[PDB]
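Descriptive structure summary
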Amino acid sequence: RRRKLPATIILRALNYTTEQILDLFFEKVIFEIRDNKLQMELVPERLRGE
Amino acid sequence: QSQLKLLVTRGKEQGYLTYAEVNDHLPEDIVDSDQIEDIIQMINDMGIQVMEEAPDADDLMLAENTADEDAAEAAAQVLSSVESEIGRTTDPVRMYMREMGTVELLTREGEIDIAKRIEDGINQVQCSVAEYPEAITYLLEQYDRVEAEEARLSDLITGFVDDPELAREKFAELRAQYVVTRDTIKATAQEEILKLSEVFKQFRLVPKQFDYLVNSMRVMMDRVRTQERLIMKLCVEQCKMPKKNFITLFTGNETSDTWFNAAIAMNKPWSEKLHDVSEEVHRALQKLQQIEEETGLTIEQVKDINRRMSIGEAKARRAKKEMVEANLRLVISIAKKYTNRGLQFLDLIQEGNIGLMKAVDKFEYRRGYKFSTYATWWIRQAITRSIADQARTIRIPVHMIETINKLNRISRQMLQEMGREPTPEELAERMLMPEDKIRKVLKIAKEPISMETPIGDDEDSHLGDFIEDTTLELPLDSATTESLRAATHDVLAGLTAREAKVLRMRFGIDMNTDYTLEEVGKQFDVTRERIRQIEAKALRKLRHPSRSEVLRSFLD
Ligand SMILES: C[C@H](CCC(=O)NCCC[N+](C)(C)C[C@H](O)CS(=O)(=O)O)[C@H]1CC[C@H]2[C@@H]3[C@H](O)C[C@@H]4C[C@H](O)CC[C@]4(C)[C@H]3C[C@H](O)[C@]12C
Ligand SMILES: C[C@H](CCC(=O)NCCC[N+](C)(C)C[C@H](O)CS(=O)(=O)O)[C@H]1CC[C@H]2[C@@H]3[C@H](O)C[C@@H]4C[C@H](O)CC[C@]4(C)[C@H]3C[C@H](O)[C@]12C
């Protein structure tokens, strides 16, 4: 019952890389740059609601 | 902008303020246990008092919001206070803690230093006393008192420094030297007084006598100083005496008339009025001259003596000050043991401070032991005595308290070396007491229970609401008494005149104090056996019923 602290500090005070945190908490979409064009690997399910 | 301007708004903009808020929104400082109490009470005069975790229902928060008034100084108060971060240390514990925290630990050699300064101050004042011929008079007067057998041998001295025989002979030679140096008054007399004072250095007087002698010399100096101050007051204020010429002519002697007669010769008009109160002024000058005739030395050595006594006393006082502030921490350290005998902490530390003062004043370094160990004894004794005395509501003598404590210790010991418990007889076994007084002391131990202790909650009933007052006689009995007076008045009215007066006067019926046989007879002027016989005949004849039936039934 003390002051209010922000909380990624906890999640990082166990010596946790930001990159590992993003890998833990979010799936990734990987894009490739080639032929000066852009493409996305599509999973149709993920498009719902857009 | 701060961390409360966003709160005070909410309070009345959203109706309430949950505990979470007033907790995190505090600055950094005054978080002290329940420092919030004051800001919550101010915020309460606006309408909050939120519950455990901020519930809601209940359209009723504006009656209490109106029931907390316009006058909002508080707002200003809180703002200022929470905008300065001066530690709101209200609890006296903290502030005293800091005050003692200021004085660092006066190491060992500093302590012996200040002990030397104390000794030096006392010795200085002792020498100063030696130096005016009105202090040995009273000495010898009370020495003779002790020797002539009008006093006691232990009421004047407690051992000299470098046996009663030796004291008697030294006072014989003192009398001789004193009288010869008084005769030789007419330079040489000053040297002989110095030598007498050097022999008088030998003496050590009982503390009470040292106090009384410094006080007798203080009161004579009081007379001197008051007479001088009043004479110079009357002069400068009534005679308009310029204060620089006052200095020049008056200063130095304050005893001779040279400045008196130069001022009157000064031809000033106030100098001529100077005779209007010349009798008073010059009488005060003469009285001062007589005071110095019993002093005898001069009017500068009075100055010297008073200034040296003040200096010595100040030195000693300052040294003792040093010691006490250095050992306050020790006092509080010793205090921690006794906190839970139903007394407050600070009272204990104060009693310890008094004990430390006494210890400091009586401590001797020459014994070669460290001060702290010696002071401990007085601090503990003082603390124990005060806790014993100011503890109980019905104060109990200290020996009885010690006996109760011993009883408790024995009780516990036997209870745990016996298994069940000790019966009062077994307690009497362990003690040499007659076993009768064990139960008495067991009764004495009961600590009055608080009159407000809440009873089993039928809410808003306390204990006091039960205790009834047996003093009040019942109204029934008052009606009885009224009927009694009526019936006695009627039966007396049935009696003859003088029989009635006899019975009324022997007792108090319808009159104040009752007169005995001789005084009633005096009021009849016939005082003899006949009056008691008249009383007895009335009594006997009233025994017969029909006159007694009303009271015969009236018996109870
Ligand atoms: C502190 C204590 C409070 C007791 C209490 O609150 N009981 C509540 C009991 C509630 N129950 C068990 C009866 C249930 C309720 O009735 C129903 S519910 O549980 O509340 O729903 C107070 C209240 C009455 C006080 C006693 C009397 O002075 C007489 C006597 C004086 C002697 O010198 C010392 C002993 C005695 C026995 C006292 C002791 C003590 O000083 C008492 C018990
Ligand atoms: C502590 C006690 C509470 C008892 C109680 O709460 N019983 C509850 C009993 C409940 N039961 C057993 C009957 C079951 C009920 O069915 C449960 S329920 O009540 O219905 O919930 C109250 C009730 C009677 C009170 C005493 C009398 O004034 C006499 C005397 C006056 C003096 O000046 C002060 C001391 C004395 C001894 C008083 C003390 C104290 O003030 C007493 C003991």
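Residues numbered from 1 in each chain as written, not as in the entry; some residues may be left out. Chains lettered and ligands numbered in written order. Part of a larger assembly, values for the part shown. Heavy atoms only, no water. Residues with missing side-chain atoms left out of burial classes, pairs and counts.

Things to note about the overall build of chain A
Here is the rule: Only DSSP runs of H or I covering at least 4 residues are called helices, and only runs of E covering at least 2 are called strands; the numbering of each starts at the N terminus.
On a plain count of helices and strands, chain A comes out with two helices and two strands. Secondary structure of chain A in N-to-C order comes out as α-α-β-β. Taken along its principal axes, the extent of the C-alpha atoms in chain A is 55 × 25 × 15 Å.

Some points on the nonpolar core
Residues and elements named next belong to chain B. Spelled out, the test is: What is meant by a nonpolar core is a set of buried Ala, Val, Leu, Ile, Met, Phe, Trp, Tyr and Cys residues, joined one to another through side-chain atoms within 4.5 Å. Summary of the burial criterion: residues with accessible area below 20% of their type's maximum are buried, those above 50% are exposed, and those between are partly exposed, where the area comes from a 1.4 Å probe applied to protein chains only. Contact criterion: two residues are considered in contact whenever any of their non-hydrogen atoms come within 4.5 Å of each other.
Ranked by internal contacts, the top residues of the largest apolar core, which has 29 residues, are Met217, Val224, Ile231, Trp259 and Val281. Secondary-structure elements contributing two or more residues to this core are helix 7 (108-129), helix 11 (207-238), helix 12 (243-250), helix 13 (258-265), helix 15 (278-295) and helix 16 (301-335). For this core, the element with the most residues is helix 11, which contributes nine residues. Dropping the residues within four chain positions of it, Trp259 is found in contact with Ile231, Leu249, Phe250, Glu254 and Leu285. Core analysis: the second largest hydrophobic core is formed by 28 residues, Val324, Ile332, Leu343 and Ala359 among them.

Some thoughts on helix 13 of chain B
All names here are of chain B. Filter applied, for reference: Arc, as used here, means the arc of the directions from the helix axis to the C-beta atoms.
Restricting attention to buried positions, one finds in helix 13 the residues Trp259, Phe260 and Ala263. Angular distribution of buried residues about the axis of helix 13 spans 110°; they occupy a single face of the element. On its buried side, helix 13 packs onto helix 11, helix 12, helix 14 (269-273) and helix 15. Phi turns positive one or two residues past the end of helix 13, at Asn267, with a value near 65°.

Notes on the layout of surface pockets
All names here are of chain B. For clarity, the threshold we go by: Here a cavity denotes a set of grid points, spaced 1 Å apart and computed over the protein atoms alone, in which a 1.4 Å probe fits but from which it cannot get out, and a pocket denotes an open set meeting protein on both sides within 12 Å along at least five of seven lines; residues with an atom within 4 Å of a point are reported as lining. Grid points are joined across faces, edges and corners, and a volume is the space filled by probe spheres set on the points. Under the scheme applied here, ten amino acids are nonpolar (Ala, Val, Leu, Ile, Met, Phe, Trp, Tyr, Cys and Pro), four are charged (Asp, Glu, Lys and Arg), and all others, including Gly, are polar.
Roughly 1800 Å³ of internal volume is contained in the largest pocket. Every residue lining the largest pocket is counted, 42 residues in all, and those nearest its centre are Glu119, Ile122, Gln126, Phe210 and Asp361. Those elements giving two or more residues to the lining of the largest pocket turn out to be helix 7, helix 10 (188-200), helix 11, helix 16 and helix 17 (345-362). If one sorts the elements of the lining of the largest pocket by residue count, helix 7 sits on top with ten residues. Residue composition of the lining of the largest pocket, by class: 22 nonpolar, six polar and 14 charged.

What about the site of ligand 1?
All names here are of chain B. We apply this condition: Being near a molecule or strand, for a residue, means having at least one of its heavy atoms within 4 Å of it. Note on areas: Shrake-Rupley, 1.4 Å probe, and residue coverage restricted to the protein chains presented here.
Around ligand 1 sit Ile449, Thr453, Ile455 and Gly456, and that is every residue in its neighbourhood. Notes on ligand 1: free accessible area 870 Å², of which the protein chains cover 19%. Tallied by class, the residues present in the shell around ligand 1 amount to two nonpolar, two polar and no charged.

Focus: the site of ligand 2
Neighbouring ligand 2 are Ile455, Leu463, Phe466 and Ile467 of chain B. Broken down by class, the residue content of the shell around ligand 2 amounts to four nonpolar, no polar and no charged.

Some thoughts on the UniProt feature "DNA-binding region" in chain B
For clarity, the threshold we go by: UniProt positions are given in the numbering used here, feature names are shortened, and annotations may be inferred rather than shown by experiment.
Sites flagged by UniProt as "DNA-binding region" map to residues 517-536 of chain B. Secondary structure content for residues 517-536 of chain B is 80% helix and 0% strand, and the end C-alpha separation is 12 Å.

Things to note about the pairing of strand 1 (residues 31-34) of chain A
All names here are of chain A. Worth spelling out the cut-off: Strands are labelled as partners when DSSP assigns at least two bridges between them.
Note that strand 1 and strand 2 (residues 37-40) share four bridges and pair antiparallel. Residue pairing for strand 2: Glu32 is matched across the bridge by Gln39. Linking two consecutive strands that pair antiparallel, namely strand 1 and strand 2, is a turn of two residues; a positive phi of about 55° is found at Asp35 within it.

So, a nonpolar patch on the surface
All names here are of chain A. Selection rule: In this analysis, a patch consists of residues with relative accessible area above 30% that form no salt bridge, clustered at 9 Å for like charges and at 5 Å for the nonpolar side chains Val, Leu, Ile, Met, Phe, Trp and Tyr. We define a salt bridge as a side-chain nitrogen of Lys or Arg found within 4 Å of a carboxyl oxygen belonging to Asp or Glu.
On the surface, a nonpolar cluster with roughly 650 Å² of combined accessible area is contributed by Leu14, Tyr16, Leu22, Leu24, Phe25 and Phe26. Residue position: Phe26 is located in the loop between helix 2 (18-25) and strand 1. Overall, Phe26 belongs to the exposed group, its relative accessible area being 58%.

A few points about empty space enclosed by the protein
Residues and elements named next belong to chain B. The computed volume of the largest cavity comes to approximately 100 Å³. Contributing to the lining of the largest cavity are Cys235, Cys239, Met241, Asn245, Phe246, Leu249, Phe250, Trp259, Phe260, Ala263, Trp270 and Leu274. When residues of the lining of the largest cavity are traced back to their parent elements, those giving at least two are helix 12 and helix 13. Looking at which element gives the most residues to the lining of the largest cavity, the answer is helix 12, with four residues. Looking at the second largest cavity, its volume works out to about 50 Å³. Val502, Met505, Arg506, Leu517, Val520, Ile531, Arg532 and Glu535 are the residues that line the second largest cavity. Listed by contribution, the elements that provide at least two residues to the lining of the second largest cavity are helix 23 (497-506), helix 24 (517-524) and helix 25 (529-543). Each residue belonging to the lining of the second largest cavity can be placed in one class, and the counts come to five nonpolar, no polar and three charged.

Some thoughts on the domain arrangement of chain B
To be explicit about the condition: The domain boundaries here were taken from an automatic or database domain assignment.
Per the domain assignment, the segments making up chain B are domain 1 (1-59), domain 2 (90-149 + 163-390), domain 3 (391-471) and domain 4 (472-553). Distance from the C-alpha centre of domain 3 of chain B to the C-alpha centre of domain 4 of chain B: 53 Å.

A short note on the packing of aromatic side chains
All names here are of chain B. What counts is decided by this rule: For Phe, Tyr and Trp, where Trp contributes only its six-membered ring, two rings pair if their centres lie within 6.5 Å, and the inter-plane angle classes them as stacked under 30 degrees, edge-to-face over 60, or tilted in between. Think of it as a cone above the ring: NZ of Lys or CZ of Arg counts as a charge over the ring if it is within 6 Å of the ring centre and within 35 degrees of the ring normal.
Using the criterion set out here, one finds ten aromatic pairs over all chains in the structure. Aromatic side chains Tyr138 and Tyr212 sit 5.1 Å apart centroid to centroid with 35° between the ring planes, which places their arrangement in the tilted category. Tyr138 sits in the partly exposed class, given a relative accessible area of 28%. A relative accessible area of 36% places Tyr212 in the partly exposed class. Taken together, a centroid distance of 6.2 Å and an interplanar angle of 80° make the contact between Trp259 and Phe260 edge-to-face. By the burial criterion, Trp259 is buried, and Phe260 matches it. Across from the ring centre of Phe160, 3.6 Å away, lies the NZ or CZ of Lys170, which sits over that ring. When the ring centre of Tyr212 is taken as origin, the NZ or CZ atom of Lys208, which lies over that ring, is 5.3 Å away.

Overview of the side chain of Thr295 of chain B
All names here are of chain B. Looking at where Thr295 falls in the secondary structure, it is placed in helix 15. With relative accessibility at 3%, the residue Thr295 sits in the buried group. The residues contacting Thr295, other than those within four sequence positions of it, are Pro133, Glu134, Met220, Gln301 and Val302.

Some thoughts on the packing of helix 7 of chain B against helix 16 of chain B
All names here are of chain B. Worth spelling out the cut-off: Here an angle of 0 to 180 degrees is reported between the N-to-C directions of two axes, which are lines fitted to C-alpha atoms, with helices fitted over the stretch in contact. With respect to orientation, any angle under 35 degrees is reported as roughly parallel, any angle over 145 as roughly antiparallel, any angle of 65 to 115 as roughly perpendicular, and every other angle as oblique. The hand of a helix crossing depends on one turn: near helix anticlockwise from the far one by less than a right angle means left-handed, and clockwise means right-handed.
Packing of helix 7 against helix 16 brings their axes to within 8 Å, and their N-to-C directions diverge by 155°. Relative to helix 16, helix 7 is oriented roughly antiparallel. The way helix 7 lies across helix 16 gives a crossing that is left-handed. For the pair helix 7 and helix 16, contact is made by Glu111, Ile114, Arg117, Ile118, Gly121, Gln124, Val125 and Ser128 and by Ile305, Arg308, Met309, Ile311, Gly312, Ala316, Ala319, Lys320, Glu322 and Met323, respectively. Among the residues forming the contact of helix 7 with helix 16, the class breakdown is nine nonpolar, four polar and five charged.

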